[PDB]
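Q: Experimental structure and its sequence below.
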There are 2 protein chains.
Amino acid sequence: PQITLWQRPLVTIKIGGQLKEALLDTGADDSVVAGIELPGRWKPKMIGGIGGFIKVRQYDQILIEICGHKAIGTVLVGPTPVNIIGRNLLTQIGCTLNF
Amino acid sequence: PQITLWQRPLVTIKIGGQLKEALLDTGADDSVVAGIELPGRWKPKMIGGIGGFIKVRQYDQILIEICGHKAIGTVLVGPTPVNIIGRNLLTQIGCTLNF
Ligand SMILES: CC(C)[C@H](NC(=O)[C@H](Cc1ccccc1)C[C@H](O)[C@H](Cc1ccccc1)NC(=O)OC(C)(C)C)c1ncc[nH]1
């Protein structure tokens, strides 16, 4: 759908059987979700934002349903304030920026 | 323009005479630019992403030109890693998220 940006572009995601709300974030290369039990292995990764870096866990091949659209990609789990759906998932659901 | 998100959505800005590139960011409420000299007065405000809060200087009524589209809003000047054009400016240039 066409999302206007007057309010925060929050969407509902279904990941690992858990229902959560997440931000459609064009300034995020990677998607980082906090507080979800995700099974399997992980590699260390450190991602940077404004104010610095945080250490998260890189989980691969995780299925995500972002507003009823299916995608499989990389999900970082760790200390974020808000759940971020970054470009690595936004491309799969065919999300574009228009103006 | 229609921007696909396979590459970072970097766009040209003309702010207070200085030319710079800035990332169109749906996940940013505010706009923050690094390195520019800006006219006038400012209040303190601290803003925070993942990682932490940082101290920025907020100047209101700044004329910024985002890819030939002119807009006036609050620009925060502080040590950011990349320049961010947040939703407060994205709404004025008519930016919408589509899928
Ligand atoms: C992995 C994501 C988290 C990260 N992106 C961000 O942090 C981007 C900007 C950025 C890109 C590249 C380098 C530095 C900063 C900012 C995010 O959109 C964050 C998401 C967020 C919102 C609210 C609370 C906490 C986090 N927004 C944000 O920082 O907004 C403000 C208004 C504070 C500038 C990123 N993109 C590329 C590399 N790292």
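A: Sure, I can see it. Numbers count the residues shown, from 1 in each chain, chains lettered A, B, ... in the order given.

Q: SS state for residue A:88?
A: helix (DSSP: H, G, I helix; E, B strand; the rest coil).

Q: Apart from its chain neighbours, what residue comes closest to it?
A: In space, and not counting its chain neighbours, residue A:88 is closest to residue A:73: 5.2 Å by CB to CB, 6 or more residues apart in numbering or on different chains. The C-beta positions use only the backbone N, C-alpha and C, and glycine is treated the same way.

Q: Repeat that for residue A:22.
A: Counting by CB to CB, 6+ apart, residue A:22 lies nearest to residue A:83, which is 3.8 Å off, once chain neighbours are set aside.

Q: pretty sure the one you found is touching residue A:24, no?
A: No - under the criterion of CB atoms under 8 Å, residue A:83 is not in contact with residue A:24, lying 10.8 Å apart.

Q: OK, contacts around residue A:42?
A: Residue A:42 makes contact with A:57, A:58, A:59, A:77 under the criterion CB atoms under 8 Å, 6 or more residues apart in numbering or on different chains.

Q: Residue A:73 too?
A: Contacts for residue A:73 (CB under 8 Å, 6+ apart) come out as A:31, A:61, A:62, A:64, A:88, A:89, A:92.

Q: what's the closest non-adjacent residue to the first one?
A: So the one you mean is residue A:31. Ranked by CB to CB, 6+ apart and with sequence neighbours excluded, the top spatial neighbour of residue A:31 is residue A:86, at 4.4 Å.

Q: what's around the one you found, how many residues?
A: Using other CB atoms under 10 Å in any protein chain shown, residue A:86 is surrounded by 25 other residues.

Q: ok, residue A:19 to chain B distance?
A: In this view, residue A:19 and chain B are 20 Å apart by CB to the nearest CB, to the nearest Å.

Q: Can you list the strands that whatever helix or strand that residue lives in pairs with?
A: In this assignment (DSSP states H and E), residue A:19 forms part of strand A:18-24. Partners of strand A:18-24 in the sheet, by DSSP bridges, are strand A:10-15 (antiparallel), strand A:84-85 (parallel).
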